[PDB]
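Just one chain follows, in the form deposited in one PDB entry, and it is written as structure tokens.
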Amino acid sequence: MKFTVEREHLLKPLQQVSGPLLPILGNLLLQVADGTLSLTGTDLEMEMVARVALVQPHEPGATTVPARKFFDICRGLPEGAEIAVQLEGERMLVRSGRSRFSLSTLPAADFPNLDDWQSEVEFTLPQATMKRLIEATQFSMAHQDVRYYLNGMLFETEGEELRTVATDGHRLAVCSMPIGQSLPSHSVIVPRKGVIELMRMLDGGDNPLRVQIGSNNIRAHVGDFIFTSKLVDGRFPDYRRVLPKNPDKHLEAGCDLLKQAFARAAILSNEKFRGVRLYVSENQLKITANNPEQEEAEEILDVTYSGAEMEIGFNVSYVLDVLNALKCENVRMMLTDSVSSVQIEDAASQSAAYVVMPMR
């Protein structure tokens, strides 16, 4: 196995395949075949594959080398470096200028494969749309819930919409985007690690994203990268059941103003429970906080509100999380009563909605 490639062609691919990819799981699989270098990393649950065209003379073969070391060596080389590589003995030799490195290898035959599977559902969409779907909901995923499926993200197709849903039982996020293709009705749960990877592979170019879903796997193609992940089994909660049936008390406020008011009040909230009280009245919101040390915060804001007066408690971090995710100009809070959840949305868009359950 021999290749010679410019540093600038290896770097992004090495970076993409290298996170996080027992010993052999810390190696990358390198394969030279049919004018292409393929680089593969896996953790057994998921897999990233990059392809690199070889325009310089090369020779076929495969090996496996430590991922961090190989990436750190390539990255440490100077701008415009050419990186010549050849297998030799039980070692892989890397040359550039008068820098020489000899890396240990494990057999390509030892490198694990994900089981083969069949695509059942397929669609294409813009990078920016997938970025939008994930960033809108990611923060509402559970971290280490005993209900494992809540630790991932639901991806749902309905009509011509792709939808993400994330929830931890206390708060929920849902975002739906049109993708201009007739889809089957279908839902899968992607583990949190897969969501992180799916997000990482979106470079922000004009390269579209091609998705393939099997019964137990999901695959995303963008540019010369193919990411595959196993799915999570379980009964993900239905966001339709969670959205308030009729939250006809409508409050609108400036997002930055509302956020910074909650942020200040939060300073004097209980350090563990983080409770704040909202008092809504005619075109006014009062936010209060206090803690066991009898310290007290009070914020008063002008808002648009015509409905009946009410009082309601929330974990302030949940509210702040929504506002930070929204990045809006104006926000609408849609209320029911003191003991029911609140729906929160950007006043200008209904593409995303957030539901937060109150505290007593």
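Position 1 is the first residue in the sequence shown; the rest follow in order. Take the two forms, find the largest set of C-alpha atoms that superpose within 1.5 Å, and that set is the rigid core.
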Counting only other entries where the flanking residues are modelled, do a third or more lack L21?
yes
Gap size between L10 and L11, counting deposited residues with no coordinates: none, 1 to 3, 4 to 9, or 10 or more?
none
Higher-B stretch (mean Cα B-factor, as the entry records it), 22-30 or 56-64
22-30
Per the entry, higher mean C-alpha B factor between 258-266 and 127-135:
127-135
For the CA B factor values reported in this entry, which option in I73, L172, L150, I179 has the top one?
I179
Determine which member of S140, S185, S99, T164 has the highest CA B-factor, using the values in the deposited entry.
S185
Quick tally, chain-level thirds of C-alpha B-factors: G307 sits in the highest
Among the chain's modelled residues, which third holds the C-alpha B-factor of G223?
middle
Going by the recorded CA B-factors, say which third of the chain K230 sits in, lowest, middle or highest.
middle
CA B-factor ranking of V195, expressed as a third of its chain
lowest
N324 - Cα temperature factor, lowest/middle/highest third of chain
middle
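Note that the form deposited in another entry isn't included here; everything after this is about it.
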Rigid-core superposed between this form and the one not shown, candidates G234, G180, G205, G76; the one over the 2 Å C-alpha cutoff or at it is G205
Tell me, please, whether between this form and the one not shown the C-alpha of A33 is shifted by 2 Å or more, with the rigid core used for superposition.
no
Post core alignment: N324 C-alpha displaced by 2 Å or more between this form and the one not shown:
no
After the core is overlaid between this form and the one not shown, has the C-alpha of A53 moved by 2 angstroms or more?
no
Comparison of CA distance in that other deposited form with shown form for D346, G205, at least 3 Å
closer
Distance direction in that other deposited form for the C-alpha atoms of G205 and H9, relative to the displayed form (3 angstroms or more)
farther
